[PDB]
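First the structure, in the form of structure tokens, and then the observations on it.
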Amino acid sequence: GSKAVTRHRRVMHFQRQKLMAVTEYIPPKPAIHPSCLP
Amino acid sequence: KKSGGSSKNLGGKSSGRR
Amino acid sequence: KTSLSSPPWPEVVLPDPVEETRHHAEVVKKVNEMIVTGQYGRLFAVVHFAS
Amino acid sequence: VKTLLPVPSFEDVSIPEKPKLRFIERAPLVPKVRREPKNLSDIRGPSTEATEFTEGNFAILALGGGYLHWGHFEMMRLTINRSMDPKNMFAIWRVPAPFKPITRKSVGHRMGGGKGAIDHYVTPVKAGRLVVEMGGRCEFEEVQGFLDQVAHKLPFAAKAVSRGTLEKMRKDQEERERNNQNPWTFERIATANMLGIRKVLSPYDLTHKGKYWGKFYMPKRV
Amino acid sequence: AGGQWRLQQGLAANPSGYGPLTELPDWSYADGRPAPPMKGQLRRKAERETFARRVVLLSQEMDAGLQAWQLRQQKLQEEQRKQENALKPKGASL
Amino acid sequence: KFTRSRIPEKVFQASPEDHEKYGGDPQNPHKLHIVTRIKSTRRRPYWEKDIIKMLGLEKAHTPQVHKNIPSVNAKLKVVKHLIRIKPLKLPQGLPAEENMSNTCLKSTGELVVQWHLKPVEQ
Amino acid sequence: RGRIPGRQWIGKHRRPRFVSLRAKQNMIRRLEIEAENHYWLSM
RNA sequence: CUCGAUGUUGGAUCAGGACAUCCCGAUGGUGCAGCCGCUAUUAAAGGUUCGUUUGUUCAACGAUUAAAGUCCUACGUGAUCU
RNA sequence: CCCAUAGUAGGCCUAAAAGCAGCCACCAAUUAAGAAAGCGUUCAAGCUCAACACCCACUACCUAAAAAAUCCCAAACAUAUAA
Ligand code: FES
Ligand SMILES: [K+]
Ligand SMILES: [K+]
Ligand SMILES: [K+]
Ligand SMILES: [K+]
Ligand SMILES: [Mg+2]
Ligand SMILES: [Mg+2]
Ligand SMILES: [Mg+2]
Ligand SMILES: [Mg+2]
Ligand SMILES: [Mg+2]
Ligand SMILES: [Mg+2]
Ligand SMILES: [Mg+2]
Ligand SMILES: [Mg+2]
Ligand SMILES: [Mg+2]
Ligand SMILES: [Mg+2]
Ligand SMILES: [Mg+2]
Ligand SMILES: [Mg+2]
Ligand SMILES: [Mg+2]
Ligand SMILES: [Mg+2]
Ligand SMILES: [Mg+2]
Ligand SMILES: [Mg+2]
Ligand SMILES: [Mg+2]
Ligand SMILES: [Mg+2]
């Protein structure tokens, strides 16, 4: 097996991959784009 | 086939005292 | 009016519930009379039996 | 009527007597005899030392973990000293000299036969550490170019920063976490062992919180 | 299909669960006499009886526990008072 | 190393917003949980396998009633990721000896004491 | 062409696995159940 | 993986394939005047010698050639040979 | 985009140093133009930039590839109400 610190980006366990996907930053989206208002 | 070296650290085989 | 201004599906307008309640009673009465007058031949049924 | 604005003044600023970066030795003056374990945790996770500005206003900020050998120090010194203005600029090292011994086995030998002899020394660096700090009677625009050139040549992700840009970086990350609209965050799930997730996570992830993977730092992770 | 919808109406997610479709007798004698109860329905009836009885046992045990602790606290408070009484002080205060 | 997980106590402190979302009353806590296993114990540490047995949750999708007390909750927290916890609701009160045999546990968590299998005349 | 060295899902070089939309929804669905479990264990 | 056997160098024979092009084709740049070169892009249809010594692969040398390319194919190929 | 005169080749050192090898100063003419930011000249010339005038450029200020050997490799599809 490979050590916890590697030169390459180590592949993640699939469950961890899913965790990352589900916890991504979602920015606050305004109802009306601010450029479309006075 | 290259001829290798040996470890210079002996001893250190004591078991746990419990 | 553009290709995406409105949804692709057509607009559906359902009947007025009051008017439809009267239409439903007429349909039920018509089918009921067919039973009373025996205007049916062979019948089939879907029965739940043994799971 | 093009509108001029007041130019910043550096009258109070004072340039040290030795402005240029000093020479960094390949190995410590007294050679280390005891061979040490690999200890890869020394480049893992957030840095706790040399994270803040001291004397200068500009620096190179580490965005990953890595080891700096003597070759890197020479690149940094020669590039910065050649490019800097000694009269108006000064540079200091924010990293110690190579001190961690790296062993190597002789070429062609099999596995076993004891640990290898010490070959060279390295300086461990963690993400978030200032590597070189510059100051003097100059603006960030003046030093950003050659500082960015040096940062690109480092064995880890790095970027030239200033007191202003560094603080804005931190404020932006705090704002993203506060205004994040995702109800689920790595910290909440991991610390509560939701889904039994800790069976695929390291104990370090309770404090890394999904921002660090091996030696790599993910700045866009909240 | 429809499991989530059934749950929203207070029904079992699976239509094979509780309800008239499953529990009602499958058949009866043509004359009118009812059929002996189905074996699966008898098992379900017994299963539900044990669950209800456990619900009553767990509840009663929890009530008795709360009443026992409430009686222990009441006694403890009463005991403190009795210890206060003693002989009358004398000396400088008299 | 993978070990048992200590859950911070703050995880089990409900906020006012939580009470609105789920509809529980902090001043009138429910007496009994309805607990159902919804996740296998395969590929889980042995200590989690053993608690599932202790709680009578060996068979999945089979509701079990348990007392809502600290000791029981301590076990439930170890296996919280394997189960669904809902409060037992008693809209017509506790079953009596007369209606012991006519109870049904609905999917809403309400234990009804009459089960007629008839439509509502209302 | 396009071989994965050694065995597909082990070792240093692996076949990349991607997270589908429904895989995400499955995980979120169970996160909601556990979040509610937290609540009912608080009283 | 194979030791109840997957015959082990170089050569002969026949070659299949890659292009990171030795020659031939088409282009950009040049410290490209021209003649010769250097470097890069594109091109794998076709082609890519004979000898002295050495078992040699290589290497040296002689005489040539538009050029005497780099590699993979169980260091291609012994139920085809040596 | 547009446009550039002048104390003056500031002194110093230097065979020569004229904004632009080095050292010191970095003041001033014209409404406006650094004792000069980048090229260039043996030294000069010569071409730009920061100026004025003109006047809505009404700038993004996050980066960025690919090559192997028998023959690519499911077929396909941006549009009908989350199941
Ligand atoms: S779409 Fe509203 S300002 Fe352009
Ligand atoms: K780098
Ligand atoms: K592999
Ligand atoms: K063998
Ligand atoms: K000069
Ligand atoms: Mg092994
Ligand atoms: Mg390991
Ligand atoms: Mg010991
Ligand atoms: Mg021992
Ligand atoms: Mg394989
Ligand atoms: Mg055999
Ligand atoms: Mg061929
Ligand atoms: Mg090519
Ligand atoms: Mg061979
Ligand atoms: Mg033979
Ligand atoms: Mg053969
Ligand atoms: Mg002048
Ligand atoms: Mg002069
Ligand atoms: Mg001068
Ligand atoms: Mg000059
Ligand atoms: Mg002026
Ligand atoms: Mg001039
Ligand atoms: Mg100009």
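To find a chain, count down the sequence lines: A is the first, B the second, and so on, and within it residues start at 1.
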Identify whether the glycosidic angle of I:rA36 places it syn (within 90° of 0) or anti. anti
With both atom distances required to be under 3.5 Å, do H:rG69 and H:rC19 make a Watson-Crick or G-U wobble pair? yes
Summary of side-chain hydrogen bond (donor to acceptor under 3.5 Å, both in side chains) pairs that have at least one residue in residues 128-152 of chain D, sequence neighbours excluded: D:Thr54-D:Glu133, D:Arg94-D:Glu133
If you count the non-hydrogen atoms of other residues, nucleotides and ligands that lie under 6.0 Å from CZ in F:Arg84, is the total more than 12? no
Identify all side-chain donor-acceptor contacts of residues 11-19 of chain E below 3.5 Å with residues at least two apart in sequence or on another chain.
residue, atom, partner, partner atom, Å
E:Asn14, OD1, E:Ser16, N, 3.0
E:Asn14, OD1, E:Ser16, OG, 3.1
E:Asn14, ND2, E:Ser16, OG, 2.7
E:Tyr18, OH, E:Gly10, O, 2.7
E:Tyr18, OH, E:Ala12, N, 3.3
E:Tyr18, OH, F:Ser107, N, 3.0
E:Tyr18, OH, F:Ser107, OG, 3.4

Would you measure the distance from the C1' atom in I:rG11 across to the matching atom in I:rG22 and give it in whole Å? 14 Å
Just list the side-chain donor-acceptor pairs under 3.5 Å for residues 27-38 of chain A, sequence neighbours left out, or say none.
residue, atom, partner, partner atom, Å
A:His33, NE2, A:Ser35, OG, 3.4

Check side chain to side chain donor-acceptor pair (under 3.5 Å) between D:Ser14 and all other residues, then give those that pass, not counting sequence neighbours. none
For H:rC71 versus H:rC22, give the span between their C1' atoms, rounded off to a whole number of Å. 14 Å
ring-ring contact (aromatic ring centres under 6.0 Å, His included) against A:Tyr25, all qualifying residues, sequence neighbours excluded: none
By the rule that syn is within 90° of 0, classify the base conformation of H:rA5 as syn or anti. syn
Syn versus anti for H:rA20, judged by chi lying within 90° of 0? syn
Distance, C1' atom - from I:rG46 to I:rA4, rounded to whole angstrom: 15 Å
Determine the Euclidean distance between corresponding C1' atoms of I:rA29 and I:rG40; express it in Å to zero decimal places. 28 Å
Look through every strand shown and name the nucleotide pairing with H:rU41 as Watson-Crick or G-U wobble, where both distances are under 3.5 Å. H:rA26
If stacking means ring centres below 5.5 Å and interplanar angle below 30 degrees, are the neighbouring bases I:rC54 and I:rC55 stacked? yes
Distance between the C1' atoms of H:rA59 and H:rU52, in whole angstroms? 14 Å
Sub-3.5 Å donor-acceptor pair from the side chain of D:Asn193 to the main-chain atoms of D:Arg198, do we have one? yes
Does H:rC50 pair with H:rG62, Watson-Crick or G-U wobble, where both distances are under 3.5 Å? yes
Do nucleotides 52-83 of chain I as a string where each nucleotide becomes B, S or -: B if the base has a protein heavy atom under 4.0 Å, S if just the sugar-phosphate does, - if no protein is that close. S---------------S---SS------BB--
Given pairs defined as Watson-Crick or G-U wobble with both distances under 3.5 Å, what dot-bracket annotation applies to RNA chain I, with ( ) intrastrand, [ ] crossing, | other strand and . unpaired? ....(.(..((...........))..).).......(.(......).)...................................
Please table the atom pairs, donor to acceptor, closer than 3.5 Å between any side-chain atom in residues 2-15 of chain A and protein atoms at least two apart or in another chain.
residue, atom, partner, partner atom, Å
A:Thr6, OG1, A:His8, O, 2.6
A:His13, ND1, A:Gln15, N, 3.0
A:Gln15, OE1, A:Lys18, NZ, 3.3

For D:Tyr204, the ring-ring contact (aromatic ring centres under 6.0 Å, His included) test, sequence neighbours excluded, returns D:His208
In whole angstrom, give me the gap between the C1' atoms of H:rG69 and H:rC23. 9 Å
